[PDB]
Structure formats: C-alpha cells, structure tokens
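A.B. asks: Got a structure for you, questions after.
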Amino acid sequence: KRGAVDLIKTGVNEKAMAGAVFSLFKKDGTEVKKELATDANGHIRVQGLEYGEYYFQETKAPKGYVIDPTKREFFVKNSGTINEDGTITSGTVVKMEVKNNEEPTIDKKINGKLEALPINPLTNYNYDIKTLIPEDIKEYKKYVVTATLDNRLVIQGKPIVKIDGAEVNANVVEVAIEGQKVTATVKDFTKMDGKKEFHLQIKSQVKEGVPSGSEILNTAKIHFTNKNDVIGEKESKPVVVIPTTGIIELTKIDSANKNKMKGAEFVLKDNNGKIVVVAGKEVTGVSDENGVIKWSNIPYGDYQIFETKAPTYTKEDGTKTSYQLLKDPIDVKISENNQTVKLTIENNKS
C-alpha cells in the first residue's frame, strides 16, 4: 500500500520549467529524495511513497527565477504508481502544480540600443535603463532602480520613468535626484500588477574639459525584495560614452620671408557665423612670438577661422604698416579623421 505524486512546475507564461530542483521530505522532516530535477516538461514523478503527509522543497531555482523556500504540502493516502516518464500510471496519483516567478533583470543602453557613444561635450544623450517586472510584482516589498552617474557628467532635467512605454505618475514610481545619484523607487506595486517593463531614462551631458577619447564607463543597478523577504541586487553591463574634441594650431608667417609673426588676432566661428564658446570664453587667439595660436577642447564639427587684426610689418622705407587683412575665412573641419588641424597662414605685405 503505497502512493505516487506528479509535480508540474511552470514559469512566466505558464511555460513548463525544466531544471528546477526539489527535495522530498515527510512532514516530520526526514528527507525521502534529493536532487530531483524537473524534466523537459516541468514534471517530477515519484512513486513508492508510504502513506502520510509530505512536502516538496526547492533547493535550486530554475535559471532566471527566484528561489522559493515555500513548502509544497500534500498527502499520500491512496494506492498509486507512476514511472519516470509518466507513461505507466495506476491507482490515484497526486497532482501538484508549482509556479515560479522571474527574478528581475537589468539592461543599460545609450540612446536606445548603443553600448558606446562618441559625443561632443555639452550635448544631450540618453541612458535607457530597462528592467523586467515579474508576475508577482504586486507582492513585492521593494523595487528600486538606481544609477550614480560619473562625476564628469551632468544630469539634464528630471529623469523619466515609463512602465510598458507609459509614463507613470510620482504616486506610482518616485524619482529622486541626490547629486549624481538618480533613484527610481516603486511606491504603488498594485499599479505594477500585469506590467512587463520598467524604463528609467536619464538625460545626460559630458562636461567640458575632459580629455578627448576618455572612456566614461558607467553602469546601473536594481534592488528588490519579494514577498518571501528574498533580497536581490543586479548590475547592468557597462555602457561607455566618449567626449570628442580636437585641436586647431595656427602658425602666422610672412608670405615671402616665411618669418613667424606675433600680434595676429583671430576668432573661431561656426558655419552659422556665431563665435565659438568654450567654457564661457569666446575662442579668440593672439599669435605669440613663434606665430602660434593653439586652440584645444574644440568639439567635432565644421568651423571658420576669421582674422580680426593683422600683424604689423615694416616697409622698405622704414614705417610700421599693418598687413592687409586676409581676404577669406579659413574653413576647418575637426573630426575623427582630422583630430589635429595644423594650419600655416601666410600674410601678405600691404
């Protein structure tokens, strides 16, 4: 006189769960079997069990799921058998369904789908942080998505939180900013019920002054605690943003004798005709004793260089005369292909 039991383990979409490991105990504690993995159909079939109360317990959660310690209790009081594959059944077989819940995940991308982004300073780009919302979110005690941005970055405005593409109120998820630290805490788990995706978007900018080609690595985190007080903490893969700036070096000479000239004044403008500003200061230069003007931290782009004041020379009769001002702006393009632009500018006597 002995009985059997059939355990059916499911997952997210009622999906059959393979790999979930259980041990079988009697009510009093004695272990009957250990290391019982659910097969390709989520089944664990056990037979030859004596009459009395039992309970399955999970020792290893199926991949991607939260370990659940809950005791799955049942009784064996009627005769029955069932083989490993379950093709041979007899008498009464105890049916038992156990549902497992996904552990939240976290993904971090730049501007939607990027892991790397070369960008000019003071230019908006988005950190898109997306995390999985489990089926049993309604019963979660804690669900926090946070990211502490690198010091060389500036948080632009207020970060937005979308639940399944739908922006939610501060009553649903509370967004706090403490310095570089953005924190999105779920306040109403009931409005989370039935939802699939948590989307924290943080708009950012790289500060000026950071050396070109600096790889600003950054990652996000999610903290959670479910109904069974199971605490978790996951960290995304790193995304990298890279400041792009170049160098413009002018060397002012006389057209005929090729001598270096000081006192030549220039200004860097953009194609629009607006003077370029780097760190609050207009980009102007005065040729030095070696005729050099060196402008650094110039963002990628197209510019025009204008002469605002000619250098001075002397005529064959000994009289300080100003050169004629250059007749045309000098087109310059700073890019990945041309990170350092070195120009020799000839001045003609007049």
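Naming works like this for the structure tokens: A, B, ... for the chains as they're shown, residue 1 at the start of each chain, ligands 1 onward in shown order.
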Based on the backbone DSSP call, show me all residues of range 173-345 of chain A assigned helix (DSSP H, G or I), as a ChimeraX atom specification.
C.D. replies: /A:189-192
A.B. asks: Please write the residues from the selection above to a file, keeping N, CA, C and O atoms, as a PDB file, in the first residue's frame.
C.D. replies:
ATOM      1  N   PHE A 189       2.869  49.173  -5.844  1.00  0.00           N
ATOM      2  CA  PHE A 189       3.065  47.887  -6.506  1.00  0.00           C
ATOM      3  C   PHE A 189       1.799  47.355  -7.179  1.00  0.00           C
ATOM      4  O   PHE A 189       1.874  46.519  -8.079  1.00  0.00           O
ATOM      5  N   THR A 190       0.641  47.835  -6.738  1.00  0.00           N
ATOM      6  CA  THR A 190      -0.626  47.404  -7.322  1.00  0.00           C
ATOM      7  C   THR A 190      -0.781  47.880  -8.768  1.00  0.00           C
ATOM      8  O   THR A 190      -1.320  47.162  -9.611  1.00  0.00           O
ATOM      9  N   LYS A 191      -0.305  49.088  -9.055  1.00  0.00           N
ATOM     10  CA  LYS A 191      -0.347  49.617 -10.415  1.00  0.00           C
ATOM     11  C   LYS A 191       0.764  49.016 -11.269  1.00  0.00           C
ATOM     12  O   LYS A 191       0.885  49.318 -12.458  1.00  0.00           O
ATOM     13  N   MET A 192       1.576  48.165 -10.649  1.00  0.00           N
ATOM     14  CA  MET A 192       2.627  47.444 -11.356  1.00  0.00           C
ATOM     15  C   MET A 192       2.103  46.094 -11.833  1.00  0.00           C
ATOM     16  O   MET A 192       2.619  45.513 -12.788  1.00  0.00           O
TER      17      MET A 192
END
A.B. asks: Leaving out range 329-346 of chain A and any residue of its chain fewer than 3 positions from it, which residues lie within 9 Å of it when counting only C-alpha atoms, given as a list in words?
C.D. replies: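 So, after excluding close chain neighbours, the residues are residues 244, 245, 246, 247, 248, 249, 250, 251, 252, 253, 254, 255, 256, 258, 271, 298, 299, 300, 301, 302, 303, 304, 305, 306, 307 and 326 of chain A.
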A.B. asks: Keeping N, CA and C atoms for every residue in the selection just given, could you write it to a file as an mmCIF file, in the first residue's frame?
C.D. replies:
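Final output, saved to selection13.cif:
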data_model
loop_
_atom_site.group_PDB
_atom_site.id
_atom_site.type_symbol
_atom_site.label_atom_id
_atom_site.label_comp_id
_atom_site.auth_asym_id
_atom_site.auth_seq_id
_atom_site.Cartn_x
_atom_site.Cartn_y
_atom_site.Cartn_z
ATOM 1 N N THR A 244 34.315 63.893 -27.625
ATOM 2 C CA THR A 244 35.067 64.118 -28.851
ATOM 3 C C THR A 244 35.456 65.592 -29.014
ATOM 4 N N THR A 245 36.745 65.883 -28.862
ATOM 5 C CA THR A 245 37.277 67.225 -29.115
ATOM 6 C C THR A 245 38.595 67.157 -29.877
ATOM 7 N N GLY A 246 38.916 68.231 -30.591
ATOM 8 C CA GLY A 246 40.133 68.284 -31.380
ATOM 9 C C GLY A 246 40.986 69.513 -31.106
ATOM 10 N N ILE A 247 42.027 69.690 -31.912
ATOM 11 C CA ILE A 247 42.980 70.774 -31.713
ATOM 12 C C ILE A 247 43.215 71.548 -33.002
ATOM 13 N N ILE A 248 43.166 72.874 -32.909
ATOM 14 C CA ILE A 248 43.483 73.737 -34.038
ATOM 15 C C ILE A 248 44.740 74.542 -33.722
ATOM 16 N N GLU A 249 45.780 74.359 -34.528
ATOM 17 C CA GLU A 249 47.027 75.083 -34.319
ATOM 18 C C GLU A 249 47.383 75.923 -35.535
ATOM 19 N N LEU A 250 47.306 77.237 -35.363
ATOM 20 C CA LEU A 250 47.669 78.180 -36.407
ATOM 21 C C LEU A 250 49.110 78.627 -36.230
ATOM 22 N N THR A 251 49.826 78.726 -37.342
ATOM 23 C CA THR A 251 51.148 79.325 -37.348
ATOM 24 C C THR A 251 51.138 80.425 -38.397
ATOM 25 N N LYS A 252 51.192 81.813 -37.934
ATOM 26 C CA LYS A 252 51.138 83.005 -38.776
ATOM 27 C C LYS A 252 52.538 83.379 -39.263
ATOM 28 N N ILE A 253 52.798 83.442 -40.626
ATOM 29 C CA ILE A 253 54.084 83.799 -41.199
ATOM 30 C C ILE A 253 53.923 84.867 -42.270
ATOM 31 N N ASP A 254 55.035 85.501 -42.635
ATOM 32 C CA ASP A 254 55.054 86.409 -43.773
ATOM 33 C C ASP A 254 55.158 85.588 -45.046
ATOM 34 N N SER A 255 54.404 85.983 -46.064
ATOM 35 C CA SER A 255 54.287 85.192 -47.281
ATOM 36 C C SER A 255 55.607 85.001 -48.026
ATOM 37 N N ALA A 256 56.508 85.974 -47.919
ATOM 38 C CA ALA A 256 57.743 85.964 -48.706
ATOM 39 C C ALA A 256 58.971 85.456 -47.948
ATOM 40 N N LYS A 258 58.823 84.087 -44.826
ATOM 41 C CA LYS A 258 58.409 82.927 -44.034
ATOM 42 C C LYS A 258 58.700 83.061 -42.543
ATOM 43 N N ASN A 271 29.762 77.518 -38.777
ATOM 44 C CA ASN A 271 29.186 77.819 -40.085
ATOM 45 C C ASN A 271 28.044 78.834 -40.034
ATOM 46 N N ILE A 298 38.232 71.762 -28.740
ATOM 47 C CA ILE A 298 37.285 72.164 -29.769
ATOM 48 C C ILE A 298 36.444 70.961 -30.199
ATOM 49 N N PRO A 299 35.127 71.021 -29.958
ATOM 50 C CA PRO A 299 34.259 69.889 -30.304
ATOM 51 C C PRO A 299 34.305 69.568 -31.794
ATOM 52 N N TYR A 300 34.023 68.318 -32.151
ATOM 53 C CA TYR A 300 33.934 67.933 -33.555
ATOM 54 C C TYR A 300 32.939 68.836 -34.271
ATOM 55 N N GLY A 301 33.209 69.132 -35.535
ATOM 56 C CA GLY A 301 32.310 69.959 -36.315
ATOM 57 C C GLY A 301 33.029 70.775 -37.365
ATOM 58 N N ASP A 302 32.279 71.623 -38.060
ATOM 59 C CA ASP A 302 32.839 72.497 -39.081
ATOM 60 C C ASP A 302 32.875 73.931 -38.578
ATOM 61 N N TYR A 303 34.011 74.591 -38.777
ATOM 62 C CA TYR A 303 34.196 75.961 -38.314
ATOM 63 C C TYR A 303 34.815 76.835 -39.394
ATOM 64 N N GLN A 304 34.779 78.144 -39.169
ATOM 65 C CA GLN A 304 35.523 79.085 -39.997
ATOM 66 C C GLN A 304 36.402 79.966 -39.123
ATOM 67 N N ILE A 305 37.651 80.137 -39.538
ATOM 68 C CA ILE A 305 38.594 80.976 -38.811
ATOM 69 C C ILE A 305 38.700 82.341 -39.480
ATOM 70 N N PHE A 306 38.445 83.391 -38.705
ATOM 71 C CA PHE A 306 38.492 84.764 -39.201
ATOM 72 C C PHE A 306 39.642 85.548 -38.572
ATOM 73 N N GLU A 307 40.262 86.421 -39.357
ATOM 74 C CA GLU A 307 41.266 87.330 -38.821
ATOM 75 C C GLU A 307 40.591 88.632 -38.418
ATOM 76 N N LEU A 326 43.417 89.177 -44.246
ATOM 77 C CA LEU A 326 43.134 88.042 -45.118
ATOM 78 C C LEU A 326 41.834 88.279 -45.876
#
A.B. asks: Separation of CA of residue 151 in chain A and CA of residue 124 in chain A, in Å?
C.D. replies: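 Between CA of residue 151 in chain A and CA of residue 124 in chain A the gap works out to 15.9 Å.
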A.B. asks: Per residue of range 94-212 of chain A within 12 Å of range 42-47 of chain A, which atom pair is closest and at what distance in Å (one decimal), using only C-alpha atoms, listed by chain and increasing number, as a tab-separated table?
C.D. replies:
residue	atom	partner	partner_atom	distance
A:94	CA	A:45	CA	9.8
A:95	CA	A:45	CA	9.8
A:96	CA	A:44	CA	9.7
A:97	CA	A:43	CA	9.4
A:98	CA	A:42	CA	9.6
A:99	CA	A:42	CA	10.4
A:100	CA	A:42	CA	11.1
A.B. asks: Could you tell me how far CA of residue 204 in chain A sits from CA of residue 142 in chain A, in Å to one decimal place?
C.D. replies: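 Atom-to-atom, CA of residue 142 in chain A and CA of residue 204 in chain A are spaced 26.8 Å apart.
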A.B. asks: For residue 105 in chain A, find every residue with an atom within 8 Å (counting only C-alpha atoms), except residues of its own chain fewer than 3 positions away, and show them as a VMD selection string.
C.D. replies: chain A and resid 131 to 132 222 234
A.B. asks: Determine the nearest neighbour of residue 276 in chain A from the options A:259, A:169, A:111, A:297, counting only C-alpha atoms.
C.D. replies: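 The shortest atom-to-atom distance to residue 276 in chain A comes from A:297.
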A.B. asks: If you run DSSP on the backbone, which residues of range 91-306 of chain A are strand (DSSP E or B), as an MDAnalysis selection string?
C.D. replies: chainID A and resid 91 93:99 102 106:110 114 116:119 125:132 142:148 153:155 160:163 166:167 173:178 181:186 197:206 216:218 221:225 231:235 239:243 245:254 260 265:270 275 277:278 281:282 284:286 292:299 301:306
A.B. asks: Select, from A:26, A:349, A:203, A:138, the residue with the minimum atom-to-atom distance to residue 157 in chain A, counting only C-alpha atoms.
C.D. replies: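 For residue 157 in chain A, the nearest of the given residues is A:203.
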A.B. asks: Would you kindly return, as a PyMOL selection string, each protein, DNA or RNA residue with an atom no farther than 7 Å from any atom of residue 219 in chain A, considering only C-alpha atoms and excluding same-chain residues fewer than 2 positions away?
C.D. replies: chain A and resi 147+235-239
A.B. asks: Please list as a PyMOL selection string every residue within 9 Å of range 70-73 of chain A, counting only C-alpha atoms and excluding residues in the same chain fewer than 5 positions away.
C.D. replies: chain A and resi 27+53-58+96+98+228
A.B. asks: Env of residue 213 in chain A: 9 Å cut, atoms = only C-alpha atoms, seq-sep filter 2 positions within chain, self excluded. Answer as a list in words.
C.D. replies: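 Contacts, with the query itself left out: residues 118, 210, 211, 215, 242, 243, 244 and 245 of chain A.
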A.B. asks: Restricting the calculation to only C-alpha atoms, which member of A:34, A:130, A:2, A:327 is positioned closest to residue 80 in chain A?
C.D. replies: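 Among the listed residues, the smallest separation from residue 80 in chain A belongs to A:2.
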A.B. asks: Of the residues A:265, A:103, A:128, A:164, which is the one nearest to residue 310 in chain A, using only C-alpha atoms?
C.D. replies: A:265
A.B. asks: Which distance in Å separates CA of residue 194 in chain A and CA of residue 176 in chain A, to one decimal?
C.D. replies: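 Between CA of residue 194 in chain A and CA of residue 176 in chain A the gap is 24.8 Å.
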A.B. asks: Closest to residue 106 in chain A among A:319, A:123, A:324, A:146, using only C-alpha atoms?
C.D. replies: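 Smallest separation from residue 106 in chain A among the options: A:146.
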